[PDB]
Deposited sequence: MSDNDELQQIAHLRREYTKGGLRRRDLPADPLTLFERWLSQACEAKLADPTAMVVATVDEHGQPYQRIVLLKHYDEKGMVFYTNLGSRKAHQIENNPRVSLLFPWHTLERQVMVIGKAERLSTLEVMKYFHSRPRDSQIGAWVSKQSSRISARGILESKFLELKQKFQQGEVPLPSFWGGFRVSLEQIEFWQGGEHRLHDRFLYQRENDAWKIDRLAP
C-alpha cells in the first residue's frame, strides 16, 4: 500500500523536516525498529566497522544514540570522529544517509561508563523508491550556515 515520487518541489528547507516525515511513515507502517540506524566507524588502519544503534533524540545539532563508552565503536570514534548513519528503510524503498562528526555527549544530558554520542549533520541524503528503476536522490550539504541542495544519480 505504497509510495512513489520525490521531486525537487516537495523538498523542505530544513532536511530534518523531510526526515521526520519519513520516520513517522516508517513507524506508521509496519517497519520494525523505525529508529534503528546503522552507524559506520573507521579504525586506525582505514577499516570501516558497522553496527546498529537506536536513534534516541535529534535536532539541528545532530542525531543522538547511546552506547557503552568502552566498546569498539566508542574507541574507534575517539581516534576518528568521522562517522556515517544509515536508516535502512528499504521496506518502503527508502534510505537516509547522514555524514557528520561524532562528538561525545556530556555527562550532563545523559542523566556511569555508559554514555552517548551526537553526530553533527554535515550531509544528509535521501534516496527514494522507483517504479522502473529511477531512484530519486537528493543531498543536503551543510554550507555556510545554510543547506546546499543537489540532485544525484540513481
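Unmodelled regions (deposited sequence positions with no C-alpha coordinates, counted from 1) are 1 to 16, 128 to 175.
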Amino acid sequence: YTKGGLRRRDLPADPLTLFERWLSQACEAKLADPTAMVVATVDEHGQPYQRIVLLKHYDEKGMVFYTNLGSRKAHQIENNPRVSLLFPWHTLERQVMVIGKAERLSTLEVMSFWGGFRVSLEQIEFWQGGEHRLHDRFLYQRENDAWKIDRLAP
From here on, numbers count along this sequence of modelled residues.
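If you superpose the two forms and keep the largest set of C-alpha atoms that fall within 1.5 Å, you have the rigid core.
The segment moving more, judged by mean Cα distance from this form in 5 other deposited structures of this protein after a core overlay, is 22 to 30 among 50 to 58 and 22 to 30.
Of 10 to 18 and 131 to 139, the stretch whose C-alpha atoms sit farther from the shown form in 5 other deposited structures of this protein, after fitting on the rigid core, is 131 to 139. Judged by mean Cα B factor in the deposited record, 102 to 110 ranks above the other of 102 to 110 and 119 to 127. Taking the mean C-alpha B-factor of each stretch as recorded, 25 to 33 and 40 to 48 are not equal, and the higher mean is that of 25 to 33. When all modelled residues of the chain are sorted by CA temperature factor, residue 95 is found within the lowest third. When all modelled residues of the chain are sorted by CA temperature factor, residue 86 is found within the lowest third. Residue 55: CA B factor lies in the lowest third for its chain, per the PDB record. The entry lists a Cα temperature factor for residue 134 that places it in the highest third of the chain's modelled residues.
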